[PDB]
Amino acid sequence: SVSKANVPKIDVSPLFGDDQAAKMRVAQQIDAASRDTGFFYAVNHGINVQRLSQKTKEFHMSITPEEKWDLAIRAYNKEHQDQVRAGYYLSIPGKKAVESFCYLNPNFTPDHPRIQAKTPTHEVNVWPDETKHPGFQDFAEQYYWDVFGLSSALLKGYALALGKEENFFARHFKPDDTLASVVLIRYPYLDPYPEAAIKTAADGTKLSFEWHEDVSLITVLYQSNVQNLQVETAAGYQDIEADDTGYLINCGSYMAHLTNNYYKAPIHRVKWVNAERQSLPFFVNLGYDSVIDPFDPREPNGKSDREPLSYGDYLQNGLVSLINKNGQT
Ligand SMILES: CSCC[C@@H](NC(=O)[C@H](CS)NC(=O)CCC[C@H](N)C(=O)O)C(=O)O
Ligand SMILES: [Fe+3]
């Protein structure tokens, strides 16, 4: 009974080049999608997503229970007090199906000034043994920078869309300090599938992850070709079609704050599907002290009655809030 969400495919390739009129024509498409359902597929993005999926599969399918405890975040292993964000998020057979691996900026090394300062939301990544997962760390770090590049080009499009210069958001999205994360999520096939890992929405839809707005500026997501996402619109929840050749893009609640909800963070959820699949989000986060002054593109003077919020404050509060709402993943 559910209708299909309008999720246009936008060729973002001009955002990598110097043809300004072409970039404006992409910016208009990003504006139309952001003001309608809030989602689009970025195509011609240049990233080898089949190899991303193959390397991710090799990792998820070969990592062992011992390795998962050794990489686990603090929620699963009290010995790893410094790992709030980065590391392994374990499944609980019989109870919780999903499991994942999160990593942050590869530049957050032991000598990074924010690591030295023990500033919240900055952590040094943890990695499996190289001999057990040859090439994985290097692949994953290079992927961070490939999707960082895509994200910077998308942020030039969002800036132009909002009537700003193209570096409006990108000047706060920097390799040396971005709080952006990759999450490599495995949604397993299980027979029988644990009922405790299946939630039910108020409308009866079986879910794996409840309604939410993202904690990000924008979210840049690769998924397998198994339909599962829905977006809430004025006409109710609608199905987002899968496309394992594109990146699904949406805004998160920092973009809604900065634009006075002109570009809403769309509410969306994940249906339960008993299928072996991948969900590989990149959360485009700024630096800890990044503050963009809020504005309102719908007002002639561009003024908004919102207070500036630093990205670090936003991110640390939003990540806790999302766990309290929808559970520890
Ligand atoms: C379509 S919702 C995005 C994809 C994925 N969901 C998620 O990734 C959920 C909701 S956006 N996000 C989260 O749980 C936030 C993870 C933050 C990360 N540990 C970090 O530290 O930066 C899924 O369930 O498939
Ligand atoms: Fe989300």
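Conventions we followed
- Residues numbered from 1 in each chain as written, not as in the entry; some residues may be left out.
- Chains lettered and ligands numbered in written order.
- Heavy atoms only, no water.
- Residues with missing side-chain atoms left out of burial classes, pairs and counts.
- Pairing = 2+ DSSP bridges.
- Helix = DSSP H or I, 4+ residues; strand = E, 2+ residues; numbered from the N terminus.
- Expected span 1.5 Å × (residues − 1).
- Buried < 20%, exposed > 50% of the residue type's maximum accessible area, 1.4 Å probe, protein only.
- Contact = heavy atoms within 4.5 Å.
- Axes fitted to C-alpha atoms, helices over the stretch in contact; angles between N-to-C directions.
- Donors = N, O, S within 2.8 Å, 3.2 Å for Na, K, Ca; no water.
- UniProt positions renumbered as here; feature names shortened; annotations may be inferred.
- Near = heavy atom within 4 Å.
- Polar contact = N/O pair within 3.5 Å; in protein donor to acceptor, adjacent residues only side chain to side chain.
- Areas by Shrake-Rupley, 256 points an atom, 1.4 Å probe, with all protein chains shown as cover.
- Nonpolar A, V, L, I, M, F, W, Y, C, P; charged D, E, K, R; others polar.

1. Structural notes on the sheet that holds strand β9 (residues 229-233)
Spatially, 5 strands are ordered β6-β7-β12-β9-β10 in an open sheet, and the strand pairing comes out antiparallel. Across the chains shown, the open sheet's two edge strands, defined by having one partner strand only, are β6 (199-200) and β10 (236-239). Sheet topology note: the β9/β10 ladder contains 4 bridges and is antiparallel. Residue pairing in the sheet places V231 in a bridge with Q238 of β10.

2. Notes on helix α1 (residues 20-35)
The end-to-end C-alpha distance of α1 is 22 Å, a good match for the 22 Å that 16 residues give at a rise of 1.5 Å each. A22, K23, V26, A27, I30, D31, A33 and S34 are the residues of α1 that are buried. Turning to α1, the residues buried within the fold contact β1 (9-11), β2 (39-43) and α5 (136-161).

3. Description of the sheet that holds strand β11 (residues 247-251)
Within a sheet, each strand pairs with its neighbour through backbone hydrogen bonds, oriented either parallel or antiparallel. The strand order across the open sheet formed by 8 strands is β1-β2-β11-β8-β13-β5-β4-β3, and the pairing between neighbours is mixed. Every other strand in the sheet has two partners, leaving β1 and β3 (87-89) as the edge strands with one partner each. The mean angle between the axes of side-by-side strands here comes to 25°, regardless of whether they run parallel or antiparallel. Across 3 bridges, β3 lies against strand β4 (residues 99-103) in antiparallel orientation. If you follow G87 over to β4, its bridge partner there is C102. On the sheet, helix α2 (residues 49-62) packs against β3, β4, β5 (181-187), β8 (218-223), β11 and β13 (277-284) and is oriented at approximately 65° with respect to β5.

4. Remarks on the coordination of the iron ion (ligand 2)
Within the protein, the atoms that donate to the iron ion (ligand 2) are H212 (NE2), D214 (OD) and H268 (NE2), at distances of 2.1 to 2.2 Å. Here the donor residues of the iron ion (ligand 2) share one chain and are spaced in sequence as H-x1-D-x53-H. The exposure classification of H212 matches that of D214, with both residues buried.

5. Side note on the UniProt feature "binding site: 2-oxoglutarate" in the chain
What UniProt calls "binding site: 2-oxoglutarate" maps, in this numbering, to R277. Within the element layout of this structure, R277 appears in strand β13. Overall, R277 belongs to the buried group, its relative accessible area being 3%. Those residues in contact with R277 that sit more than four places away from it in its chain are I185, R186, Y187, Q223, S224, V226, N228, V270 and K271.

6. A look at the site of ligand 1
Every one of the 18 residues lining ligand 1 counts as a neighbour, but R85, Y89, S181, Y187 and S279 are closest to it. In the environment of ligand 1, an oxygen atom lies 2.7 Å from a nitrogen or oxygen atom belonging to the side chain of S181. Taking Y187, its side chain carries an N or O atom lying 2.7 Å from an oxygen atom of ligand 1. Relative to its free-state accessible area of 600 Å², ligand 1 is covered by the protein chains to the extent of 91%. At the level of elements, β5, β7 (206-212), β12 (268-271), β13 and α7 (311-326) are the ones that each hand at least two residues to the shell around ligand 1. Split into classes, the residues belonging to the shell around ligand 1 amount to 11 nonpolar, 5 polar and 2 charged.

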